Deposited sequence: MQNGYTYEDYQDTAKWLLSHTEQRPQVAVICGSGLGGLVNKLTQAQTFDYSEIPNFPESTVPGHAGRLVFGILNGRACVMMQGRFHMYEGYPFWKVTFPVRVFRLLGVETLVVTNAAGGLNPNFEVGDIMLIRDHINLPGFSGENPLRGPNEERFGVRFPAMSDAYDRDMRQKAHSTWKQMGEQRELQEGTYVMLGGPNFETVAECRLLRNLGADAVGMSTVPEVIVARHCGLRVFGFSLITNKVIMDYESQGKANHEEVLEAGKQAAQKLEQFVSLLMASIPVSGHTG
């Protein structure tokens, strides 16, 4: 944490005086998932570059989505860019200081579970934090009690109530493909995995693999936010003897109409 408690306060104060919007829910939009901001009403956008203390990516968009006041991150930060986790997760603590109570995290991931198929939406039921095993953690350093406790529990990170609400909502949508669920594993990147690494990750119990999200979830739970999230399976990883960026980028627009409807409906029952 290269930021003082006051830095977070200064940023939150700036945002509160520049918009009349007062979000109750924050949504972090992953790779190729930034199209959700388009459905917001009474929207107000701020490029990250205009906000004091924000890291370099992207923009923050406030607005109303299906009755709920939200704030969305159009673009996120990654460890592979050279940013320490205290920079990657800066926005999460700011959201808490704005009065946000729930965080929705989304991402694009590679499918490790053999039953998954391209286009599947996997509700995140749990995660595996590989960088955390070695000490790379956003909570490393002196603990700030004004945010949370020294040793936070992480076994109940993904809200059970919201996950059931998610399944009920997916049923009302009348989708032919079942809503998937699984464990998300995060690794640093930026290179893609070798076959041997993919086999290993699957045997660790992982269903999907990506390069983000886990740090943000840990910080959100530390400061008391309710957490819900999902992965868009953009490709099936090969487990025997290639993957590119445009593949995940194309897959993004592929299931755009699907994700937008889903997230919009979930706002109805969060709750408040």
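- By the record, the deposited chain contains unmodelled runs at 1 to 2, 60 to 65, 250 to 253, 285 to 289, with no C-alpha atoms placed there.
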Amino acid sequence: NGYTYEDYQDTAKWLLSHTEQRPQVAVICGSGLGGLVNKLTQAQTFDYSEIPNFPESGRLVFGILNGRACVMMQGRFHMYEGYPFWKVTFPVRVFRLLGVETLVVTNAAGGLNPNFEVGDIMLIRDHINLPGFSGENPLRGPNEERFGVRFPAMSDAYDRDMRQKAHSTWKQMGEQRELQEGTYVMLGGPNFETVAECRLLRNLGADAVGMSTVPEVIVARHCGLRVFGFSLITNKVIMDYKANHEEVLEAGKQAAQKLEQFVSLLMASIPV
From here on, numbers count along this sequence of modelled residues.
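- The mean C-alpha temperature factor is higher for 159 to 167 when 82 to 90 and 159 to 167 are set side by side.
- Annotation for 226 to 234 versus 211 to 219: the higher mean temperature factor (C-alpha) is found in 226 to 234.
- Among 51, 64, 243, 206, the highest C-alpha B-factor recorded in the PDB entry belongs to 243.
- Of the candidates 141, 152, 114, 110, the one whose C-alpha carries the top B factor in the deposited record is 114.
- Per the deposited record, the Cα B-factor of residue 13 falls in the middle third when ranked against the other modelled residues of its chain.
- Residue-level temperature factors show residue 43 in the lowest third of its chain, judged at the C-alpha atom.
- Among the modelled residues of its chain, residue 27 has a C-alpha B-factor that falls in the lowest third according to the deposited record.
- Among the modelled residues of its chain, residue 131 has a C-alpha B-factor that falls in the lowest third according to the deposited record.
- Among the modelled residues of its chain, residue 197 has a C-alpha B-factor that falls in the lowest third, as given in the PDB entry.
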